[PDB]
file entry_36.pdb (PDB, C-alpha atoms)
ATOM      1  CA  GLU V   1      -9.869  -1.373 -11.146
ATOM      2  CA  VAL V   2      -7.755  -3.374  -8.636
ATOM      3  CA  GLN V   3      -7.065  -1.362  -5.420
ATOM      4  CA  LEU V   4      -6.319  -1.718  -1.710
ATOM      5  CA  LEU V   5      -8.475   0.854   0.056
ATOM      6  CA  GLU V   6      -6.810   1.626   3.450
ATOM      7  CA  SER V   7      -8.449   3.346   6.409
ATOM      8  CA  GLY V   8      -7.765   4.010  10.105
ATOM      9  CA  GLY V   9      -4.972   5.639  12.107
ATOM     10  CA  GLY V  10      -4.699   9.017  13.899
ATOM     11  CA  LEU V  11      -3.230  10.521  17.126
ATOM     12  CA  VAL V  12      -3.109   8.238  20.195
ATOM     13  CA  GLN V  13      -1.518   8.116  23.689
ATOM     14  CA  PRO V  14       1.151   5.644  24.925
ATOM     15  CA  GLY V  15      -0.545   2.490  26.266
ATOM     16  CA  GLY V  16      -3.376   3.074  23.725
ATOM     17  CA  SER V  17      -4.720   0.934  20.842
ATOM     18  CA  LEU V  18      -5.709   1.378  17.155
ATOM     19  CA  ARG V  19      -7.074  -0.822  14.293
ATOM     20  CA  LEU V  20      -6.029  -0.291  10.642
ATOM     21  CA  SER V  21      -8.074  -1.841   7.873
ATOM     22  CA  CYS V  22      -7.613  -2.576   4.232
ATOM     23  CA  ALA V  23     -10.509  -3.357   1.865
ATOM     24  CA  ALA V  24      -9.586  -5.066  -1.463
ATOM     25  CA  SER V  25     -11.788  -4.767  -4.608
ATOM     26  CA  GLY V  26     -11.037  -6.252  -8.106
ATOM     27  CA  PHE V  27      -9.470  -9.385  -6.524
ATOM     28  CA  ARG V  28      -9.274 -12.402  -8.870
ATOM     29  CA  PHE V  29      -7.852 -14.928  -6.304
ATOM     30  CA  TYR V  30      -8.801 -16.182  -2.841
ATOM     31  CA  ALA V  31      -6.577 -15.523   0.182
ATOM     32  CA  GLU V  32      -3.437 -14.165  -1.575
ATOM     33  CA  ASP V  33      -0.544 -13.351   0.823
ATOM     34  CA  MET V  34      -0.966  -9.970   2.558
ATOM     35  CA  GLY V  35       0.861  -7.892   5.164
ATOM     36  CA  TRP V  36       1.673  -4.584   6.776
ATOM     37  CA  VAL V  37       4.759  -2.405   6.366
ATOM     38  CA  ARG V  38       5.671   0.751   8.250
ATOM     39  CA  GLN V  39       8.075   3.627   7.879
ATOM     40  CA  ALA V  40       9.192   5.586  11.010
ATOM     41  CA  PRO V  41       9.933   9.329  10.310
ATOM     42  CA  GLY V  42      13.392   9.702   8.635
ATOM     43  CA  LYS V  43      13.831   5.870   8.569
ATOM     44  CA  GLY V  44      13.564   2.917   6.148
ATOM     45  CA  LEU V  45      10.634   0.650   5.242
ATOM     46  CA  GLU V  46      10.122  -2.040   7.899
ATOM     47  CA  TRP V  47       8.050  -5.217   7.541
ATOM     48  CA  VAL V  48       5.619  -5.529  10.448
ATOM     49  CA  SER V  49       3.462  -8.624   9.877
ATOM     50  CA  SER V  50       2.319 -11.142   7.264
ATOM     51  CA  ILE V  51      -0.623 -13.489   6.912
ATOM     52  CA  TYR V  52      -0.820 -16.443   4.556
ATOM     53  CA  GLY V  53      -3.121 -19.358   3.796
ATOM     54  CA  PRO V  54      -6.880 -19.933   4.244
ATOM     55  CA  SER V  55      -5.895 -20.835   7.871
ATOM     56  CA  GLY V  56      -4.521 -17.288   8.288
ATOM     57  CA  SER V  57      -1.096 -18.213   9.697
ATOM     58  CA  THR V  58       0.879 -15.213  10.908
ATOM     59  CA  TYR V  59       4.432 -13.909  11.289
ATOM     60  CA  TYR V  60       5.545 -10.759  13.171
ATOM     61  CA  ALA V  61       8.718  -8.651  13.519
ATOM     62  CA  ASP V  62      10.340  -8.838  16.992
ATOM     63  CA  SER V  63       9.535  -5.045  17.662
ATOM     64  CA  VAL V  64       5.757  -5.645  17.604
ATOM     65  CA  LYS V  65       5.410  -9.329  18.610
ATOM     66  CA  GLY V  66       2.947  -9.635  21.484
ATOM     67  CA  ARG V  67       1.258  -6.217  20.871
ATOM     68  CA  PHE V  68       0.001  -6.311  17.260
ATOM     69  CA  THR V  69      -2.353  -8.859  15.681
ATOM     70  CA  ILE V  70      -2.829  -9.250  11.957
ATOM     71  CA  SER V  71      -6.115 -10.823  10.823
ATOM     72  CA  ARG V  72      -8.400 -10.945   7.799
ATOM     73  CA  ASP V  73     -11.862 -11.989   6.645
ATOM     74  CA  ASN V  74     -11.354 -13.697   3.186
ATOM     75  CA  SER V  75     -15.170 -13.518   2.630
ATOM     76  CA  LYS V  76     -15.390  -9.707   2.827
ATOM     77  CA  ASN V  77     -11.814  -9.350   1.325
ATOM     78  CA  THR V  78     -10.659  -7.183   4.263
ATOM     79  CA  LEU V  79      -7.293  -7.052   6.089
ATOM     80  CA  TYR V  80      -6.903  -5.807   9.699
ATOM     81  CA  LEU V  81      -4.052  -4.681  12.001
ATOM     82  CA  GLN V  82      -4.889  -4.402  15.726
ATOM     83  CA  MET V  83      -2.158  -2.403  17.428
ATOM     84  CA  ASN V  84      -2.034  -2.614  21.296
ATOM     85  CA  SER V  85       0.341  -1.088  23.965
ATOM     86  CA  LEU V  86       1.606   1.523  21.526
ATOM     87  CA  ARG V  87       4.942   3.235  22.195
ATOM     88  CA  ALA V  88       6.495   6.304  20.584
ATOM     89  CA  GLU V  89       8.713   3.875  18.500
ATOM     90  CA  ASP V  90       5.494   2.788  16.742
ATOM     91  CA  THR V  91       5.037   6.288  15.292
ATOM     92  CA  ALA V  92       5.125   5.770  11.465
ATOM     93  CA  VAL V  93       3.175   5.634   8.193
ATOM     94  CA  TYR V  94       1.608   2.172   7.911
ATOM     95  CA  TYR V  95       0.905   0.554   4.513
ATOM     96  CA  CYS V  96      -1.026  -2.611   3.610
ATOM     97  CA  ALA V  97       0.284  -4.798   0.810
ATOM     98  CA  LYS V  98      -0.832  -7.797  -1.301
ATOM     99  CA  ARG V  99       1.280 -10.335  -3.282
ATOM    100  CA  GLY V 100       0.492 -10.201  -7.066
ATOM    101  CA  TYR V 101       0.010 -13.476  -8.973
ATOM    102  CA  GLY V 102       1.835 -12.102 -12.081
ATOM    103  CA  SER V 103       5.052 -11.032 -10.251
ATOM    104  CA  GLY V 104       5.074 -13.246  -7.129
ATOM    105  CA  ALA V 105       5.935 -10.028  -5.247
ATOM    106  CA  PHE V 106       4.109  -7.454  -3.120
ATOM    107  CA  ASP V 107       2.989  -5.040  -5.813
ATOM    108  CA  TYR V 108      -0.395  -3.710  -4.546
ATOM    109  CA  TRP V 109      -0.255  -1.096  -1.784
ATOM    110  CA  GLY V 110      -2.611   1.063   0.289
ATOM    111  CA  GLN V 111      -1.873   4.809   0.207
ATOM    112  CA  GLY V 112      -0.738   4.654   3.866
ATOM    113  CA  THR V 113      -1.933   6.403   7.005
ATOM    114  CA  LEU V 114       0.080   8.203   9.717
ATOM    115  CA  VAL V 115      -0.082   6.801  13.266
ATOM    116  CA  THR V 116       1.281   9.228  15.921
ATOM    117  CA  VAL V 117       2.021   8.127  19.519
ATOM    118  CA  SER V 118       2.398  11.256  21.899
ATOM    119  CA  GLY V 119       9.467 -23.459  14.508
ATOM    120  CA  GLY V 120      11.444 -25.234  11.700
ATOM    121  CA  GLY V 121      14.966 -24.001  12.784
ATOM    122  CA  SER V 122      15.050 -21.495   9.913
ATOM    123  CA  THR V 123      17.550 -18.721   9.160
ATOM    124  CA  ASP V 124      16.623 -14.985   8.838
ATOM    125  CA  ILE V 125      17.894 -13.290   5.660
ATOM    126  CA  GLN V 126      19.484  -9.800   6.027
ATOM    127  CA  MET V 127      19.965  -7.328   3.191
ATOM    128  CA  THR V 128      22.807  -4.749   3.009
ATOM    129  CA  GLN V 129      22.454  -2.018   0.337
ATOM    130  CA  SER V 130      25.196   0.222  -1.037
ATOM    131  CA  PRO V 131      25.589   3.117  -1.140
ATOM    132  CA  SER V 132      23.422   4.886   1.490
ATOM    133  CA  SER V 133      23.134   8.019  -0.647
ATOM    134  CA  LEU V 134      24.482   9.368  -3.859
ATOM    135  CA  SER V 135      24.157  12.601  -5.809
ATOM    136  CA  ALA V 136      23.948  12.595  -9.595
ATOM    137  CA  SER V 137      22.552  14.481 -12.661
ATOM    138  CA  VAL V 138      19.995  13.997 -15.413
ATOM    139  CA  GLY V 139      21.563  11.632 -17.941
ATOM    140  CA  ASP V 140      23.937  10.101 -15.332
ATOM    141  CA  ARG V 141      24.150   6.303 -15.003
ATOM    142  CA  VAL V 142      23.488   5.067 -11.452
ATOM    143  CA  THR V 143      24.178   1.675  -9.897
ATOM    144  CA  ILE V 144      23.039   0.383  -6.498
ATOM    145  CA  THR V 145      24.255  -2.778  -4.776
ATOM    146  CA  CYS V 146      22.429  -5.274  -2.578
ATOM    147  CA  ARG V 147      24.146  -8.026  -0.563
ATOM    148  CA  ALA V 148      21.916 -10.748   0.991
ATOM    149  CA  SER V 149      23.258 -12.617   4.012
ATOM    150  CA  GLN V 150      22.375 -15.956   2.435
ATOM    151  CA  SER V 151      22.138 -17.227  -1.150
ATOM    152  CA  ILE V 152      18.525 -16.616  -2.211
ATOM    153  CA  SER V 153      18.857 -17.393  -5.831
ATOM    154  CA  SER V 154      16.923 -14.894  -8.065
ATOM    155  CA  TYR V 155      14.351 -14.041  -5.318
ATOM    156  CA  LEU V 156      15.120 -10.366  -4.944
ATOM    157  CA  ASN V 157      12.901  -7.401  -5.622
ATOM    158  CA  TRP V 158      13.640  -3.700  -6.172
ATOM    159  CA  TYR V 159      11.342  -0.840  -5.107
ATOM    160  CA  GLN V 160      11.187   2.919  -5.652
ATOM    161  CA  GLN V 161       9.686   5.107  -2.968
ATOM    162  CA  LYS V 162       8.996   8.857  -3.288
ATOM    163  CA  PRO V 163       8.605  10.627   0.096
ATOM    164  CA  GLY V 164       5.233  10.024   1.867
ATOM    165  CA  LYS V 165       3.979   7.688  -0.904
ATOM    166  CA  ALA V 166       3.649   3.923  -1.134
ATOM    167  CA  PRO V 167       6.625   1.992  -2.530
ATOM    168  CA  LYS V 168       6.401   0.955  -6.191
ATOM    169  CA  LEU V 169       7.784  -2.351  -7.526
ATOM    170  CA  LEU V 170      10.306  -1.849 -10.366
ATOM    171  CA  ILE V 171      12.019  -5.244 -10.657
ATOM    172  CA  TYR V 172      10.898  -8.704  -9.453
ATOM    173  CA  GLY V 173      12.908 -11.926  -9.629
ATOM    174  CA  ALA V 174      16.230 -10.068  -9.694
ATOM    175  CA  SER V 175      15.808  -9.076 -13.393
ATOM    176  CA  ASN V 176      12.115  -9.056 -14.550
ATOM    177  CA  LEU V 177      10.891  -5.570 -15.243
ATOM    178  CA  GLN V 178       7.456  -4.728 -13.822
ATOM    179  CA  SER V 179       4.731  -3.794 -16.299
ATOM    180  CA  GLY V 180       4.356  -0.065 -17.104
ATOM    181  CA  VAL V 181       7.899   0.624 -15.718
ATOM    182  CA  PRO V 182      10.371   2.432 -18.037
ATOM    183  CA  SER V 183      13.177   0.195 -19.428
ATOM    184  CA  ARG V 184      16.007   2.486 -18.304
ATOM    185  CA  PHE V 185      15.590   0.578 -14.961
ATOM    186  CA  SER V 186      17.314  -2.857 -14.959
ATOM    187  CA  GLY V 187      18.362  -5.419 -12.373
ATOM    188  CA  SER V 188      20.955  -8.134 -12.263
ATOM    189  CA  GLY V 189      22.628 -10.718 -10.119
ATOM    190  CA  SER V 190      21.967 -13.910  -8.345
ATOM    191  CA  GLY V 191      22.956 -15.732  -5.185
ATOM    192  CA  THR V 192      23.953 -13.074  -2.672
ATOM    193  CA  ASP V 193      25.048 -10.027  -4.831
ATOM    194  CA  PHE V 194      22.644  -7.934  -6.898
ATOM    195  CA  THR V 195      22.597  -4.662  -8.782
ATOM    196  CA  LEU V 196      19.962  -2.150  -9.874
ATOM    197  CA  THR V 197      21.068  -0.024 -12.792
ATOM    198  CA  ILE V 198      19.429   3.215 -14.025
ATOM    199  CA  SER V 199      20.943   3.846 -17.522
ATOM    200  CA  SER V 200      19.816   7.494 -17.994
ATOM    201  CA  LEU V 201      18.615   9.272 -14.889
ATOM    202  CA  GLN V 202      15.455  11.440 -15.402
ATOM    203  CA  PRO V 203      13.934  14.204 -13.227
ATOM    204  CA  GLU V 204      11.180  11.818 -12.000
ATOM    205  CA  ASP V 205      13.786   9.181 -10.852
ATOM    206  CA  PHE V 206      15.131  11.154  -7.820
ATOM    207  CA  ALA V 207      13.792   9.058  -4.879
ATOM    208  CA  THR V 208      14.806   6.262  -2.443
ATOM    209  CA  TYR V 209      15.455   2.776  -3.855
ATOM    210  CA  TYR V 210      15.155  -0.437  -1.691
ATOM    211  CA  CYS V 211      15.968  -4.077  -2.197
ATOM    212  CA  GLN V 212      13.558  -6.542  -0.682
ATOM    213  CA  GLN V 213      12.855 -10.297  -0.492
ATOM    214  CA  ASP V 214       9.275 -11.685  -0.237
ATOM    215  CA  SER V 215       9.981 -15.453  -0.336
ATOM    216  CA  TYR V 216      11.511 -16.302   3.081
ATOM    217  CA  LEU V 217       9.976 -15.217   6.375
ATOM    218  CA  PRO V 218      10.657 -12.855   7.893
ATOM    219  CA  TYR V 219      10.465 -10.569   4.841
ATOM    220  CA  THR V 220      12.860  -7.589   4.847
ATOM    221  CA  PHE V 221      13.857  -4.520   2.963
ATOM    222  CA  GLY V 222      17.432  -3.324   2.723
ATOM    223  CA  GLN V 223      18.261   0.049   4.335
ATOM    224  CA  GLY V 224      17.534   2.055   1.150
ATOM    225  CA  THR V 225      19.603   4.182  -1.212
ATOM    226  CA  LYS V 226      18.652   7.853  -1.531
ATOM    227  CA  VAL V 227      19.301   9.221  -5.073
ATOM    228  CA  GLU V 228      19.303  13.007  -4.719
ATOM    229  CA  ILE V 229      20.363  16.018  -6.746
TER     230      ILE V 229
END
call {"tool": "encode", "arguments": {"input": "entry_36.pdb", "output": "structure tokens"}}
result
Amino acid sequence: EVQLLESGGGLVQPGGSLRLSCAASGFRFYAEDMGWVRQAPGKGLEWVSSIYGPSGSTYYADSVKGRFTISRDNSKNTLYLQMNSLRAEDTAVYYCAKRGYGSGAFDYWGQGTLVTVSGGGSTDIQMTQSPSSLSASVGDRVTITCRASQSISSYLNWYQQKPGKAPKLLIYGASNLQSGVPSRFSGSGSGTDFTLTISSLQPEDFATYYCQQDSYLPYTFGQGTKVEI
């Protein structure tokens, strides 16, 4: 089928370097937008870099600018992340991601690998999520809020992440339900204020939920909402 096959990582020393790689198979388009995300232990998903166009233009979060280089070979359908001058801050699970044609959103993800370390005058868009955590029961209704720092229309995505595993896209475009995703999950809003609703909470739905935008660089996730028992 379609899959991002990730490889690389391991234990390294401060000052050291590492190269992640991501091989796509089952691609039906040339040079779709790709990037890398990371998650520091007991922290939220963090966008690291993006690459876009046949030119292979790049963007990078402030934390890693200067040290990390994203690249890709569109021929061999492979994605690379060269990580230099690593610090203990860089300790995280790193995931590769690809933008899907059907959704417009990053909906194909590598399984992730642990790394351990022993302009135009544009505006950045920030996302605030509410609440941080909540505790509920099977059959409970749950709502989660997302406030963007700038009106971004309907360009807001919701993701579920279970611990260790790659995030899963539930809603794209503020309200369009991703294919093969139960219809108890539903999204609303527009402009700056958005809402993910779970109508009847099920055992499998305990996880962390994140809002995210994919349209305006730099891409960001909100801080996440943990839904625990």
call {"tool": "closest_residue", "arguments": {"input": "entry_36.pdb", "among": "V:73, V:33, V:107, V:6", "to": "residue 94 (chain V)", "atoms": "only C-alpha atoms"}}
result
V:6
call {"tool": "resolve_selection", "arguments": {"input": "entry_36.pdb", "expression": "the PyMOL selection byres ((chain V and resi 195) around 8)", "output": "ChimeraX atom specification"}}
result
/V:143-146,187-189,193-194,196-197
call {"tool": "atom_distance", "arguments": {"input": "entry_36.pdb", "atom1": "CA of residue 78 (chain V)", "atom2": "CA of residue 59 (chain V)"}}
result
18.0 Å
call {"tool": "residues_around", "arguments": {"input": "entry_36.pdb", "residues": "residue 127 (chain V)", "least_positions_apart": "5", "cutoff": "7 Å", "atoms": "all atoms listed in the file", "output": "compact mmCIF listing (two decimals) with C-alpha atoms, in the coordinates of the input"}}
result
# COMPACT_ATOMS: atom_id res chain seq x y z
CA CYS V 146 22.43 -5.27 -2.58
CA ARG V 147 24.15 -8.03 -0.56
CA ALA V 148 21.92 -10.75 0.99
CA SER V 149 23.26 -12.62 4.01
CA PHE V 221 13.86 -4.52 2.96
CA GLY V 222 17.43 -3.32 2.72
call {"tool": "closest_atom_pairs", "arguments": {"input": "entry_36.pdb", "of": "region 98-190 of chain V", "to": "region 22-25 of chain V", "cutoff": "12 Å", "atoms": "only C-alpha atoms", "output": "Markdown table"}}
result
| residue | atom | partner | partner_atom | distance |
| --- | --- | --- | --- | --- |
| V:98 | CA | V:24 | CA | 9.2 |
| V:108 | CA | V:24 | CA | 9.8 |
| V:109 | CA | V:22 | CA | 9.6 |
| V:110 | CA | V:22 | CA | 7.3 |
| V:111 | CA | V:22 | CA | 10.2 |
| V:112 | CA | V:22 | CA | 10.0 |
| V:113 | CA | V:22 | CA | 11.0 |
call {"tool": "closest_residue", "arguments": {"input": "entry_36.pdb", "among": "V:172, V:101, V:95, V:158", "to": "residue 115 (chain V)", "atoms": "only C-alpha atoms"}}
result
V:95
call {"tool": "resolve_selection", "arguments": {"input": "entry_36.pdb", "expression": "the PyMOL selection byres ((chain V and resi 26) around 8)", "output": "PyMOL selection string"}}
result
chain V and resi 1-3+24-25+27-28
call {"tool": "atom_distance", "arguments": {"input": "entry_36.pdb", "atom1": "CA of residue 134 (chain V)", "atom2": "CA of residue 90 (chain V)"}}
result
28.8 Å
call {"tool": "atom_distance", "arguments": {"input": "entry_36.pdb", "atom1": "CA of residue 171 (chain V)", "atom2": "CA of residue 99 (chain V)"}}
result
14.0 Å
call {"tool": "closest_residue", "arguments": {"input": "entry_36.pdb", "among": "V:139, V:167, V:102, V:218", "to": "residue 29 (chain V)", "atoms": "all atoms listed in the file"}}
result
V:102
call {"tool": "axis_aligned_box", "arguments": {"input": "entry_36.pdb", "around": "region 189-193 of chain V", "padding_each_side": "8 Å", "output": "JSON"}}
result
{"center_x": 23.5, "center_y": -12.9, "center_z": -6.4, "size_x": 19.1, "size_y": 21.7, "size_z": 23.4}
call {"tool": "residues_near_point", "arguments": {"input": "entry_36.pdb", "point": "(-4.1, 4.8, 9.6)", "cutoff": "12 Å", "atoms": "only C-alpha atoms", "output": "PyMOL selection string"}}
result
chain V and resi 5-12+17-22+36-38+80-83+91-96+110-116
call {"tool": "resolve_selection", "arguments": {"input": "entry_36.pdb", "expression": "the PyMOL selection byres ((chain V and resi 44-47) around 8)", "output": "list in words"}}
result
residues 36, 37, 38, 39, 40, 42, 43, 48, 49, 61, 219, 220, 221, 223 and 224 of chain V
call {"tool": "write_last_selection", "arguments": {"input": "entry_36.pdb", "atoms": "C-alpha atoms", "output": "mmCIF file, keeping the file's coordinate frame"}}
result
data_model
loop_
_atom_site.group_PDB
_atom_site.id
_atom_site.type_symbol
_atom_site.label_atom_id
_atom_site.label_comp_id
_atom_site.auth_asym_id
_atom_site.auth_seq_id
_atom_site.Cartn_x
_atom_site.Cartn_y
_atom_site.Cartn_z
ATOM 1 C CA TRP V 36 1.673 -4.584 6.776
ATOM 2 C CA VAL V 37 4.759 -2.405 6.366
ATOM 3 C CA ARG V 38 5.671 0.751 8.250
ATOM 4 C CA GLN V 39 8.075 3.627 7.879
ATOM 5 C CA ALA V 40 9.192 5.586 11.010
ATOM 6 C CA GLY V 42 13.392 9.702 8.635
ATOM 7 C CA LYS V 43 13.831 5.870 8.569
ATOM 8 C CA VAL V 48 5.619 -5.529 10.448
ATOM 9 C CA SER V 49 3.462 -8.624 9.877
ATOM 10 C CA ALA V 61 8.718 -8.651 13.519
ATOM 11 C CA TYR V 219 10.465 -10.569 4.841
ATOM 12 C CA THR V 220 12.860 -7.589 4.847
ATOM 13 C CA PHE V 221 13.857 -4.520 2.963
ATOM 14 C CA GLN V 223 18.261 0.049 4.335
ATOM 15 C CA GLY V 224 17.534 2.055 1.150
#
